[PDB]
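The data below hold one chain only, encoded as structure tokens and taken in the form deposited in one PDB entry.
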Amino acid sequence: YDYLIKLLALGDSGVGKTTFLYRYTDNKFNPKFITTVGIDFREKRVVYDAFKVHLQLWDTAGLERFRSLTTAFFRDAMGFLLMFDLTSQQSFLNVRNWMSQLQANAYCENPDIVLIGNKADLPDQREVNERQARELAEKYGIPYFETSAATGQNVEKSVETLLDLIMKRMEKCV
């Protein structure tokens, strides 16, 4: 091959990232890198003044590892499959709220994004107005697709669009 293009699936839990990726991939190669993170507490008896206070002092573990894991996830990423759930308004707003926080880098250093409304095969459950979603896409001048990981609707179409953005970005930047 000639190129290694790194893509990321972002979005809330239960949105369909893992199912979308497996739908598109159509193979079983999926190497995993897991770590443990945790919380805990300790206790101490303490007499205030009269009063017998019971102290719980909480703490966290494994955060350093988690950061390396996060960095490793974003390292050299060229496209984000930014997805939400058409049946979940909360998934849509979280995306919009997330986007409003991104800081622009130089044109070439900016990663491409495709906005993805997943679970298009359950119209009876839809919460996300189409017009609202297209406007978010319009706002940040990005493509928008309504996809289904179960049917395969626009799954291949959305990914190849992201590739095309990435590839056309290179042509200009090289």
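C-alpha atoms forming the largest set that superposes within 1.5 Å between two forms make up the rigid core. Note that residue numbering follows the sequence shown and begins at 1.
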TODO: Please report whether at least a third of the other compared entries leave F29 without coordinates.
DONE: no
Open item on the list: With neighbours modelled on both sides, does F66 go without coordinates in a third or more of the other PDB entries compared?
Closed with: yes
Open item on the list: Checking chain continuity here. Are there deposited residues lacking coordinates between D49 and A50, and if so is it 1 to 3, 4 to 9, or 10 or more (or none)?
Closed with: 10 or more
Task: Entry-level comparison of average CA B-factors, 59-67 and 124-132, reporting the higher stretch - done: 124-132
TODO: Take the C-alpha B-factors listed in the entry for 21-29 and for 7-15, compute each mean, and give the stretch with the larger one.
DONE: 21-29
TODO: Please place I39 in the lowest, middle or highest third of its chain by C-alpha B factor as given in the entry.
DONE: lowest
- [ ] Just say lowest, middle or highest third for the CA B-factor of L82 relative to the other modelled residues in its chain.
- [x] lowest
Task: Third of the chain, ranked by Cα B-factor, where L102 sits - done: highest
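Below: the form deposited in another entry, not depicted.
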TODO: Would you say whether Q90 is displaced between this form and the one not shown, judging by a C-alpha shift of 2 Å or more on the superposed rigid core?
DONE: no
Open item on the list: I want to check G38: does it shift between this form and the one not shown by 2 Å or more at the Cα, with the core superposed?
Closed with: yes
Task: Flag for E127, CA shift 2 Å or larger between this form and the one not shown after aligning core - done: no
Task: Pair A104/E138, Cα separation in that other deposited form versus the displayed form, closer or farther by 3 angstroms or more - done: farther
Open item on the list: Flagged pair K6/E109: C-alpha distance shifts by 3 angstroms or more in that other deposited form. Which direction, closer or farther?
Closed with: farther
